[PDB]
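>>> Sequence, then structure. It's an experimental one.
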Amino acid sequence: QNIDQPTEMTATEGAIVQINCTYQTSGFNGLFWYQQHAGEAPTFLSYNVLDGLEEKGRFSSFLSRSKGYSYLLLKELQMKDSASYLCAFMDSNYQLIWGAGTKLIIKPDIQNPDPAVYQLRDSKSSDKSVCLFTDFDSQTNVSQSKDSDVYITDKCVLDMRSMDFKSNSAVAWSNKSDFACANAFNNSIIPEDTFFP
Amino acid sequence: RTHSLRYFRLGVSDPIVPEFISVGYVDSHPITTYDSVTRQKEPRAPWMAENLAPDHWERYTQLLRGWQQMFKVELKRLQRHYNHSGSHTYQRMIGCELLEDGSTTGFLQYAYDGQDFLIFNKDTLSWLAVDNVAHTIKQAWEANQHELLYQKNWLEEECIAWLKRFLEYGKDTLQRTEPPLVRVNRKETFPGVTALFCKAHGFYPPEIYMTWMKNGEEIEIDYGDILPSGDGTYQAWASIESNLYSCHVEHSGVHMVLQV
Amino acid sequence: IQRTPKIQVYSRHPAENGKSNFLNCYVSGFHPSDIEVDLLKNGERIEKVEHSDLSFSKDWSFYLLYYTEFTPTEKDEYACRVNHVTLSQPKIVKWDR
Amino acid sequence: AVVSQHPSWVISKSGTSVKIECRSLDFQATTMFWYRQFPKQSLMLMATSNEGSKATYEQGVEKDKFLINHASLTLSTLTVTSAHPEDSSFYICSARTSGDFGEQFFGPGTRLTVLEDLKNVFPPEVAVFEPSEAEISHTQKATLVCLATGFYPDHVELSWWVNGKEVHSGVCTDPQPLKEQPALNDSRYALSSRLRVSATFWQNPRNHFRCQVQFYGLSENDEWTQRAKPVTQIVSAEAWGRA
Ligand SMILES: *[C@@H](C)/C=N/c1c(NC[C@H](O)[C@H](O)[C@H](O)CO)[nH]c(=O)[nH]c1=O
Ligand code: NA
């Protein structure tokens, strides 16, 4: 008696995503879909016990008791949907059997990119400064530092909802004397058309 | 053969007699029991204990312990909403019917003071209240649509699942056929008058059909209830007072004629 | 509503003075559950008398079966003594051989 | 329905005993659950709390380390007797519905981190970085960067405040913090956040920007021997509009 669902799923923002969940059991008293953002508790999404597809806004939950199968369908996908989607069913003796959960990664749709590396300066301090690799495509991925005194964060997407605008960004800083923005992201393969002031 | 699985629940407001009891039945056989004085689900038929894992009893005991608590609270609220003085009783009944022709039936009911209170319709996913007090419970139970859905499937699929399972666990007792011993004896029911008794005994299942005939026409007939003999077999009878009569009898497929 | 019991006292297999039989008393269709019942041998409570547990019928009422091992005698009289809420005086049903 | 569980964050020394309470703020719960989520693993069930019955434990769970009890019908309490750094985890409370279908209601939090020495607790230092003149020239936008650095453990919550109001539009915070010295375990962390606003917005000198970092440090009923006590506090960095 066990339940199975994918470990991870990656999809572009704005398209339908089907998280399949398949079980096998002697008894069945319904199937739950729960949503759980990193470092937070899960929140109820659905309860299907009868055969058929049931809509509840942007989300949908389908069940085939005969095929021992369910799916969570997230359409018109958003950045807020990057969460983990827990699947669990009630077996014969009313025990909830949890799945390991699918981690959903929403990659944005950067249609007008201009990869550029910039230098920022501290509000109070003078010697303090950070390099920011921003406005780069979802194709380009940022690799972490192989140096202990240089710090590089992974890409992060920010939505400027007041303008329907998104952008990937990576920050890099170091106290190292010879730390420059032109050598800051050398550990990663960056576009050949990347701007440097 | 046509079989059933049904579990009963009973709550008493002023106990002596346990406050809560629950017992299961496959056909007319008690298969499970739980009460507030044991607080443990136990088997009734040996073939249950033999076939169900120790984990089964552990898990349904915690379930039943929780169900007992819900029955306490429901009975107190019903008692107060009625401003009903004295002792009162709450009863629940849920079941199965796997008919001979493959078709099924599901039912769920509640009764306050031994009279129908809330009847569940699994096709409409609604509750049938008998009065203004039952109605305010209906309003609340009909609110949670998920529970209504959960119930329909439990009755329609899960219940039959369990029933079929039990029929295999106790096929030597439930699926057996012990044909009746039919005897006709003449005995004067009053002075002068003379009646014919069609006494039948030692049969299983308890479902039997006795009747008298007048050269072929169905007769005016006095009956005896189907009664347990105590050996796991049942007993019954039927009677009537120039014409030639016969006791036509049907039990578990086979049909008998006893011309006298 | 309170339902009064139906008392049916009878032998297992058809009785004949001499052979060993079982005397059953089947109290049924009663409501509520609290019921006290005993069997009698000319007004004497039979000490060793096994019985079924409280059983539940679909009509909401309950039923029980009290039985004893016995050998019939042409002289000895057998009865069933039931006491329930509905019975203001305790009901005695004698066995008709 | 709602379930609440206190405390939300907790730091305790190795050897002590921490108690996580859990209450269902509306309905009474006959059964409540105790879940745990080690980083990074699935949400694992560790115990089942039952009113008028004992506590059911799972595969890994040792009935000698955890002490769960059903206090009231509204309250369940998990108590970690003799804590060790291996016990440090995310502890979620759950309460099942009255109905049989089994929907659970979860309590938010609790984040417990056991430390053999409390002399390793450090609050963050926060710095804000004004947007590049070159960024505005090209993109006609202004990304602001914040930095919460040298904090331990990972008990921080970062927020942006434009002219007194908490903002979410145009914000980006690292999901995971960076180890300053990844070589050594029990290392201090660093976390960054972005605030990209319009070109003209940041050029208005009457516009105020402030990066707020909440730290969930030590209790009042915890002892300090040193350095000022790294208690629960807020550390912030400001920025003003510039033309
Ligand atoms: C052992 C299997 C005892 N079961 C039991 C049940 N079981 C039927 C079903 O699970 C339950 O009625 C649900 O509440 C249906 O929604 N029912 C019962 O009344 N008593 C029992 O002992
Ligand atoms: Na199962």
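All right, it came through fine. Residues are numbered from 1 along each chain as shown, chains lettered A, B, ... in the order given. Ligands and ions are numbered 1, 2, ... in the order given.
>>> Can you tell me the SS state at the residue lying farthest from the centre of chain D?
The C-alpha centroid of chain D is most remote from residue D:137, which lies 38.5 Å away (Cα atoms, centre = their mean). Classification of residue D:137 using DSSP: H, G, I helix; E, B strand; the rest coil returns helix.
>>> Next up, the contacts around the most centrally placed residue in chain D.
Nearest residue to the geometric centre of chain D (Cα atoms, centre = their mean): residue D:155, 5.1 Å. Applying Cβ atoms under 8 Å, 6 or more residues apart in numbering or on different chains to residue D:155 gives the contacts D:9, D:11, D:111, D:113, D:215-217. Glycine gets a C-beta too; all of them are placed from N, C-alpha and C.
>>> Can you tell me the element the residue positioned nearest the centre of chain C falls in?
Nearest to the geometric centre of chain C sits residue C:25, at 2.5 Å (Cα atoms, centre = their mean). Residue C:25 belongs to strand C:21-30 when assigned by DSSP states H and E.
>>> for residue B:70, same thing?
Going by DSSP H and E, residue B:70 is in helix B:54-82.
>>> mind giving me the domain ranges of chain D?
D:2-116, D:117-243 (curated CATH domains).
>>> so which of the ones you listed comes closest to ligand 1?
domain D:2-116 (4.8 Å; Cβ to the nearest ligand atom).
>>> List the residues that contact the residue lying closest to residue B:68 once chain neighbours are set aside.
Nearest residue to residue B:68, sequence neighbours excluded (Cβ to Cβ, 6 or more residues apart in numbering or on different chains): residue B:20, at 4.5 Å. Counting by Cβ under 8 Å, 6+ apart, residue B:20 touches B:9-12, B:35-36, B:68, B:71-72.
>>> Spell out which parts of chain B neighbour chain A.
Listed as neighbours of chain A in chain B under the rule Cβ under 8 Å from any Cβ of the partner chain: B:55-56, B:59-60, B:63, B:146, B:149-150, B:152-154, B:157-158, B:161-162.
>>> ok, and which of those residues reach ligand 1?
B:60, B:154 (Cβ under 6 Å from any ligand atom).
>>> picking that back up, which element is the residue nearest to the residue nearest to the centre of chain C when sequence neighbours are not counted on?
Once flanking residues are discounted, residue C:25 sits nearest to residue C:80: 3.9 Å by Cβ to Cβ, 6+ apart. Taking DSSP H and E as the criterion, residue C:80 maps to strand C:78-83.
>>> What is that strand packed up against?
strand C:6-11, strand C:21-30, strand C:36-41, strand C:91-94 (3 or more Cβ pairs under 8 Å, 6 or more residues apart in numbering or on different chains; DSSP states H and E).
>>> Please spell out which residues along the last one are buried.
Spelled out, that is strand C:91-94. Neighbour-count burial for strand C:91-94, counted by 16 or more other Cβ atoms under 10 Å in any protein chain shown, picks out C:91, C:93.
>>> Near the closest residue in space to residue A:136 that isn't next to it in sequence, how many other residues are there?
Leaving out its chain neighbours, the residue that sits closest to residue A:136 by Cβ to Cβ, 6+ apart is residue A:115, at 3.9 Å. Around residue A:115 there are 20 other residues, counting by other Cβ atoms under 10 Å in any protein chain shown.
>>> Next, the contact list for residue A:115, please.
A:133-137, A:140, A:190-191, A:193-195.
>>> how about a cut-off of 6 Å?
Neighbouring residues of residue A:115 by Cβ atoms under 6 Å, 6 or more residues apart in numbering or on different chains: A:136, A:191, A:194.
>>> Report the beta-bridge partner residues of the first one.
Beta-bridge pairing of residue A:136 under DSSP bridges involves residue A:168.
>>> Tell me how far the residue in chain C that ligand 2 sits nearest to lies from residue B:26.
Using Cβ to the ion, the single residue of chain C nearest to ligand 2 is residue C:56, 27.7 Å away. Per Cβ to Cβ, to the nearest Å, residue C:56 is found 14 Å from residue B:26.
>>> same deal with residue B:198?
Counting by Cβ to Cβ, the gap from residue B:198 to residue B:26 is 30 Å.
>>> go on, residue B:256?
28 Å.
>>> And those two? Which one has more around it.
residue B:26 (26 against 14).
>>> With adjacent residues omitted, what lies nearest to that one?
residue B:166 (4.7 Å).
>>> can I assume the one you found sits in a helix?
Yes - per three-state DSSP, residue B:166 lies within a helix segment.
>>> sorry, back to before: which one (most neighbours) among the contacts of residue B:20?
residue B:11 (26 neighbours).
>>> my guess is that residue meets residue B:91, correct?
No - the criterion here is Cβ atoms under 6 Å, and residue B:11 misses it with residue B:91 at 7.4 Å.
>>> From the opening residue of stretch B:111-118 to its closing one, how far?
End-to-end distance for stretch B:111-118: 7 Å, by Cα to Cα, to the nearest Å.
>>> Not counting its neighbours along the chain, what's nearest residue 78?
No chain in the question, so chain A it is. residue A:13 (6.5 Å).
>>> actually chain C
residue C:95 (4.2 Å).
>>> In chain D, which residue sits nearest chain C?
In chain D, the residue that lies nearest chain C is residue D:100 (20.7 Å; Cβ to the nearest Cβ).
>>> Could you do the stretch 51-200 of chain B as well?
At 4.2 Å from chain C, residue B:114 is the closest residue in the stretch 51-200 of chain B, using Cβ to the nearest Cβ.
>>> number of nearby residues for the residue nearest to residue B:26?
Residue B:166: 25 surrounding residues under other Cβ under 10 Å.
>>> again with the one 4 residues further on
Each residue near residue B:170 was counted by other Cβ under 10 Å, and the total is 20.
>>> Quick check: it touching residue B:47?
Yes - with contact defined as Cβ under 6 Å, residue B:170 reaches residue B:47; the gap is 4.2 Å.
>>> Run through the bridge partners of the residue in chain C that chain D sits nearest to.
Proximity to chain D, evaluated over chain C using Cβ to the nearest Cβ, is greatest for residue C:56 at 20.7 Å. Beta-bridge pairing of residue C:56 under DSSP bridges involves residue C:62.
>>> Within range of ligand 1, give me the residues from chain D.
Proximity of chain D to ligand 1, by Cβ under 6 Å from any ligand atom, involves residues residue D:100.
>>> now the helices for chain D?
Using DSSP state H, the helices of chain D run over D:133-139, D:199-203.
>>> Near the closest residue to chain D within chain B, how many other residues are there?
Of all residues in chain B, residue B:150 sits closest to chain D, at 3.8 Å by Cβ to the nearest Cβ. Around residue B:150 there are 23 other residues, counting by other Cβ under 10 Å.
>>> Quick check: phi and psi at it.
phi -50, psi -50 (degrees, to the nearest 10).
>>> Would you agree it is in contact with residue A:47?
No - using Cβ under 6 Å, residue B:150 is not in contact with residue A:47; the gap is 7.9 Å.
>>> Touching both of these two, which residues are there?
residue A:30.
>>> How is the residue in the stretch 101-250 of chain B that ligand 1 sits nearest to classified with respect to secondary structure?
Here the stretch 101-250 of chain B gets closest to ligand 1 at one residue, residue B:154, 5.0 Å apart by Cβ to the nearest ligand atom. With three-state DSSP as the basis, residue B:154 sits in helix.
>>> do you know how far residue C:27 is from chain A?
36 Å (Cβ to the nearest Cβ, to the nearest Å).
>>> Quick check: closest non-adjacent residue to that residue.
Nearest to residue C:27 is residue C:5, by Cβ to Cβ, 6+ apart, at 4.6 Å.
>>> Get me the contact residues on the stretch 1-150 of chain B for chain C.
Within the stretch 1-150 of chain B, the positions adjacent to chain C are B:8, B:17, B:89, B:91, B:111, B:114-115 by Cβ under 6 Å from any Cβ of the partner chain.
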